[PDB]
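Reminder, nothing fancy here: chain letters follow the sequence lines and each chain counts from 1. The figures here come from the full heavy-atom set of this structure, side chains too, leaving out hydrogens, waters and symmetry mates.
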Amino acid sequence: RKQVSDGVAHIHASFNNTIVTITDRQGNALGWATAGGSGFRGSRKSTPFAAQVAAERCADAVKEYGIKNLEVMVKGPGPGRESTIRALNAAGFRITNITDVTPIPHXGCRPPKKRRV
Amino acid sequence: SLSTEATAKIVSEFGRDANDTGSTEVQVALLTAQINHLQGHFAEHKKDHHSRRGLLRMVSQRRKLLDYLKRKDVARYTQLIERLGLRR
Amino acid sequence: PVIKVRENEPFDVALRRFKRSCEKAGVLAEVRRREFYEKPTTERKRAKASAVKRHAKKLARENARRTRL
Amino acid sequence: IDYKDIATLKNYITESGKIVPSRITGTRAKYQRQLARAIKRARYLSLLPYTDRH
RNA sequence: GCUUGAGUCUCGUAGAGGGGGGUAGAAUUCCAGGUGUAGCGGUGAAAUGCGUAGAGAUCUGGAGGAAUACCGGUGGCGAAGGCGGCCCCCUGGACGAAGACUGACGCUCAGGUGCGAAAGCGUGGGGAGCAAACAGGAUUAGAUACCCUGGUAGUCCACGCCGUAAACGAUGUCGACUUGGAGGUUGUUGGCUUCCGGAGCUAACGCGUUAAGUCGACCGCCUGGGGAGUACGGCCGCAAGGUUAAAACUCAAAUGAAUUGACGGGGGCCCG
RNA sequence: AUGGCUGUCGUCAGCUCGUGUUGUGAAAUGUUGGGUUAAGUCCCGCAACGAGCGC
Ligand SMILES: CN[C@H]1C[C@@H](N)[C@H](O)[C@@H](O[C@@H]2O[C@H](CO)[C@H](O)[C@@H]3O[C@]4(O[C@H]23)O[C@H]([C@@H](N)CO)[C@H](O)[C@H](O)[C@H]4O)[C@@H]1O
Ligand SMILES: CN[C@H]1C[C@@H](N)[C@H](O)[C@@H](O[C@@H]2O[C@H](CO)[C@H](O)[C@@H]3O[C@]4(O[C@H]23)O[C@H]([C@@H](N)CO)[C@H](O)[C@H](O)[C@H]4O)[C@@H]1O
Ligand SMILES: [K+]
Ligand SMILES: [K+]
Ligand SMILES: [K+]
Ligand SMILES: [K+]
Ligand SMILES: [K+]
Ligand SMILES: [K+]
Ligand SMILES: [K+]
Ligand SMILES: [K+]
Ligand SMILES: [Mg+2]
Ligand SMILES: [Mg+2]
Ligand SMILES: [Mg+2]
Ligand SMILES: [Mg+2]
Ligand SMILES: [Mg+2]
Ligand SMILES: [Mg+2]
Ligand SMILES: [Mg+2]
Ligand SMILES: [Mg+2]
Ligand SMILES: [Mg+2]
Ligand SMILES: [Mg+2]
Ligand SMILES: [Mg+2]
Ligand SMILES: [Mg+2]
Ligand SMILES: [Mg+2]
Ligand SMILES: [Mg+2]
Ligand SMILES: [Mg+2]
Ligand SMILES: [Mg+2]
Ligand SMILES: [Mg+2]
Ligand SMILES: [Mg+2]
C-alpha cells in the first residue's frame, strides 16, 4: 500500500535452497519467495534455475509497492548467488548496489564433524 | 633477570675488582641473588614450569661452582656460604 | 565484496565486478573450509602437502627447460 | 611501522580490510610481523576497520 | 700452573617460550520484540525434526560461552609435551659483537627427582558451538555402523590426580673430523632451518657436514614368531589403570626391503 | 598319460631374444619418452645397438 521506491533484496543462497526477501532500507520485509516452494524439490531445488524463479516470484510478490531500485545483499555459497541477481535485473529493478554479507567467523564456534561419505 | 646495578653491586662486593666478574665467589653470589629474587615469583606463579626450569639450572650451576670451590679452596668456600647464608 | 553501481554503469560489468571481488576476498573458499571441522593434525598434514608439491613442482618444472623429448 | 600511520597501513590492507600477504606486497618477513601488529593495534583503536561490513 | 673446553660480566637482537590480569572485533546459539507469510531443514533419494500457537528469512536490542579469519610462511619459540587476536605486569632460554674475568669448574648418568598431548578421574564452577553414550529417521539380508534430525558426559575454568600416545626424525646425549649446490629465517663472517646431491655407508629403501659417513665418552635397549608387555608378586593410583615382568606350551617359520606379474569400488591416456 | 585337430582372448598389438650397459640380486634397459598410425605404424629423442615372431 505504502509505495516504497527503494528496497533491499536479501539472497540467502545455501547449498540446498535459496530465499529471496525484499525489505525496505530499514529491513522490514515486503515479500519473499524460495526455490523450495516454486515447483522444485531436492536436486531441482538446489539449482541456479530454481533460484531464478524464486527471484521472479519475489518481484511479483512486492508489486503492490513500487520499488524503483534494489540494493542487493547476497549471503552464502549456493548456486542461487548470481542467478537471483540477474533475474531481479530482468524484472525491471535498478540494482544500485551488490554486497556479499556472507558471515565469516574471525577464528568462532567449532563447526560440525566431517561427513564420511 | 638481575639488573645492571644489582649485578654490579655483587661483583664489587665478592670480586677482587669490578672486573673480577669471573670468580667463583662472584658467580655463586650472582646466582644466589637471582635464586632468592625468584622465590617471590614462584610463590605467586606456581604453574610457571618453563621459568622454573631456568631456576633449577641456576641452582644446579651454583651447586657445581660451590663443589669446585670447596675442593680448590676450602677456606674461601666457608666464608662464601656464611656470607650468602647457605647450608652447603 | 560491496559494489556501488556507478552512474551509467551497465549491469554485467557491475555483476562481473561483484564476481571478481568475491573470488578475490576468497569468500566461497572460506565458507567451504569452515563447513566441517578439520583436526589440527589434518590441517598440518595438508599444509605440508601443499608445501611439498609446490617445491616439487619447481624441481621437475626447472628440469623440464634443459631436457629434450 | 607505527599503528598511527594510517596512510602507510592502508597500502597493506585490501578493500575488505584484510591484511595483504608478504608474497603479494614484497614486504620482508620482519616488517610483515611489525605491520601485522600495527594494523591490529589500529583496528582496536578504530583508526582502521576489521571488515568492510561492520 | 696454562687457556683452547666450560662458565661470569658488559651492549644489542629476534621470538605463538612460560605464568598472571585485562580487553577487542567477527561469528554461532538463545531471549525479547518490529516487519512478514508458508514453508523451512535435510539427503544419493528420503524421512524423522521445526513451522499458521507465525517458523525460515529480515531488522533492532539484549544475554552468554568458546575460539581468535586475514597476517601465516618446509615462518618463529620451547628439553620434550607444546605455544597463535590485542594490551599491561611478572619471568625462563637462545643468538650475535667486541673485550674483560674465572681457570678444566667438564661430558654422560643406573637408582632418584621433575616436566609430560588427548582421553579419563576427584571437588567446586561454567556450558555458546561441538559431541562419546543415548533417542528417533534412513540404508541394509541384517546395520547395535557409515548418512540424517536431535543430544548427555565431555570439550572450557580453578585446584588436585592420572603418567600414557604412530609422546615419531619410528634415528639417545656430548665432542671432533670429512667435497658441493639452491633456498628460508635471524644477527653482525656467526646461529637456527628446508630441499637436492658427492664420497662414504646401507639388505635395500635410502642417509649424506642438521649423517644413517669417519672417530671418541657415557647411558638406554635387542636376541625367532606366538604365548605376552600377559600371569603371579612388588611398587604406584580414588578408579581407570600404569610400572617392573616370567613360565609351561606351540609352530618352522614370523619379518624387512626390493623384483616380476596380477588385481584395485587408484590415476592418466586410447580402442572395439 | 598322449599325438593330431579345434574353440577362446582376437587379427587385439602385442610377445621375445643376442650382445652391450645398469643392479649384490630377482631383474631392468631395449619395448620407455615426444609426436603420429588401423598397427611395437613410422619419425624424432634415448645406454642402448641389432634381431626374430607378430603387424
Ligand atoms: C591473554 N590473556 C588471557 C588472560 C586470561 N586470564 C583470560 O581468561 C583469557 O581469556 C579467555 O580466552 C579464551 C581463549 O583462550 C576465551 O576467549 C575466553 O573467553 C573470553 O576470554 C576468555 O572471556 C572474557 C570474559 N571472561 C571477560 O574477561 C571476554 O568475554 C573475552 O572477550 C572472551 O574471549 C585471556 O585471553
Ligand atoms: C645476564 N643477564 C641476561 C641473562 C639472559 N638469560 C637473558 O636472556 C638476558 O636478557 C636479555 O637482555 C637483553 C639486553 O642484553 C634485552 O634486555 C632482552 O630483552 C629482555 O631481556 C633480554 O627480554 C626478556 C624476555 N626474553 C623474557 O624474559 C624480557 O622481556 C626483559 O624484560 C627484557 O629486558 C639477560 O640480560
Ligand atoms: K581472550
Ligand atoms: K630473558
Ligand atoms: K653422576
Ligand atoms: K552438553
Ligand atoms: K641414557
Ligand atoms: K618359543
Ligand atoms: K636396488
Ligand atoms: K639383455
Ligand atoms: Mg550437516
Ligand atoms: Mg614474555
Ligand atoms: Mg583433558
Ligand atoms: Mg572434570
Ligand atoms: Mg550435533
Ligand atoms: Mg551425529
Ligand atoms: Mg590460570
Ligand atoms: Mg610407550
Ligand atoms: Mg607429537
Ligand atoms: Mg612425526
Ligand atoms: Mg620409540
Ligand atoms: Mg640427500
Ligand atoms: Mg600389565
Ligand atoms: Mg603388576
Ligand atoms: Mg654386472
Ligand atoms: Mg611389451
Ligand atoms: Mg614391427
Ligand atoms: Mg627407442
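In terms of polar N and O atoms assigned as donor or acceptor, the side chain of B:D48 never comes within less than 3.5 Å of the base of E:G19 in a complementary pairing. A donor and an acceptor atom never sit less than 3.5 Å apart when one is taken from the side chain of D:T51 and the other from the base of E:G25. Checked by distance alone, A:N28 brings a side-chain donor or acceptor within 3.5 Å of a matching partner on the base of E:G34. Counting distance only, with no hydrogens placed and no angle test, the side-chain atoms of B:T21 and the base atoms of E:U8 include a donor-acceptor pair under 3.5 Å. For E:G42, the base has a donor-acceptor partner in the side chain of A:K45 [N/O atoms by modelled type, under 3.5 angstrom]. In terms of polar N and O atoms assigned as donor or acceptor, the side chain of D:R43 comes within less than 3.5 Å of the base of E:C70 in a complementary pairing.
Here D:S46 lies out of heavy-atom contact (under 4.0 Å) with every strand. Note on B:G54: only backbone sugar-phosphate atoms sit closer than 4.0 angstrom, heavy atoms only; bases stay farther off. Across all strands shown, C:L59 has heavy atoms under 4.0 Å from sugar-phosphate atoms exclusively, and none from any base. Contacts of D:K40 with the nucleic acid, taken as non-hydrogen atoms under 4.0 Å apart, include base atoms. Residue D:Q32 is in sugar-phosphate contact alone, with no base atom involved, counting any heavy-atom pair closer than 4.0 Å across all strands shown. B:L56 comes within 4.0 angstrom of no nucleic acid atom, judged by non-hydrogen atoms across all strands. Across all strands, C:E30 comes closer than 4.0 Å only to sugar-phosphate atoms, never to a base (heavy-atom distances). Within the 4.0 angstrom heavy-atom criterion, only backbone atoms of the sugar-phosphate kind lie near D:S22; the bases stay farther away.
The shortest distance between the side-chain N/O atoms of B:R53 and the OP1/OP2 oxygens of E:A79 is below 4.0 Å. At E:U74, one or more side-chain N or O atoms of C:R54 fall inside 4.0 Å of OP1 or OP2 (strictly under the cut-off). A close approach under 4.0 Å does occur between a side-chain nitrogen or oxygen of A:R41 and OP1 or OP2 of E:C40. The shortest distance between the side-chain N/O atoms of B:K47 and the OP1/OP2 oxygens of E:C159 is below 4.0 Å. Phosphate contact (OP1/OP2 of E:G41, side-chain N/O of A:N17, threshold under 4.0 Å): present. Applying the 4.0 Å criterion to OP1 and OP2 of E:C71, one finds that D:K18 has every side-chain N and O outside that range.
Environment of OH in D:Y3: sparse, with no more than 12 heavy atoms of neighbouring residues, nucleotides or ligands closer than 6.0 Å.
E:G73 and E:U178 are not base-paired: they meet neither the Watson-Crick nor the G-U wobble geometry with both distances under 3.5 Å. Nucleotide E:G82 is annotated as paired to E:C77 [Watson-Crick or G-U wobble, both distances under 3.5 Å]. Taken together, E:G187 and E:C40 fail the test for a Watson-Crick or G-U wobble pair, since the two needed distances are not both under 3.5 Å. Nucleotides F:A48 and F:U19 satisfy the base-pair criterion: a Watson-Crick or G-U wobble arrangement whose two donor-acceptor distances both fall under 3.5 Å. No Watson-Crick or G-U wobble pair links E:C9 with E:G175 when both atom distances must be under 3.5 Å.
A positive value of the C1'-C2'-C3'-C4' dihedral assigns E:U91 to the north, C3'-endo side.
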Donor-acceptor contacts, no H, no angles, side chain residues 63-70 of chain A, under 3.5 Å, sequence neighbours left out:
none

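Aromatic stacking of B:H45 on E:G19: not satisfied for centres closer than 5.5 Å together with planes under 30 degrees.
Between B:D17 atom CG and E:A100 atom P there is a gap of 14 Å when expressed in whole angstrom units. Atom CD of B:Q27 is separated from atom P of E:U102 by 11 Å (rounded to the nearest Å). Rounding to whole angstrom units, NE2 of residue B:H41 and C1' of E:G20 are separated by 9 Å. Taking atom CD1 of A:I19 as the reference point, atom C1' of E:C40 lies 7 Å away to the nearest angstrom.
Ring geometry for B:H41 against B:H45 counts as tilted: the plane angle lies between 30° and 60°, on a 0 to 90° scale.
In E:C251 the base sits anti relative to the sugar, since the glycosidic angle is further than 90° from 0. Annotated as anti: E:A131, whose glycosidic dihedral deviates from 0 by more than 90°. Regarding the sugar-base torsion, E:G22 falls in the anti class, its angle being beyond 90° of 0.
Base pairing of E:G124: its partner is E:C157, meeting the Watson-Crick or G-U wobble criterion (both donor-acceptor distances under 3.5 Å).
Spacing of P atoms, E:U149 relative to E:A38, comes out at 27 Å, to the nearest Å.
For the contact set between residues 57-88 of chain B and RNA chain F, defined by any heavy atom under 4.0 Å, there are no members.
Atom-to-atom distance recorded for B:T32:OG1 and B:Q27:CD is 11.5 Å, nearest 0.5 angstrom.
Legend: unstacked base step between E:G163 and E:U164; six-membered ring centres and planes not within 5.5 Å and 30° respectively.
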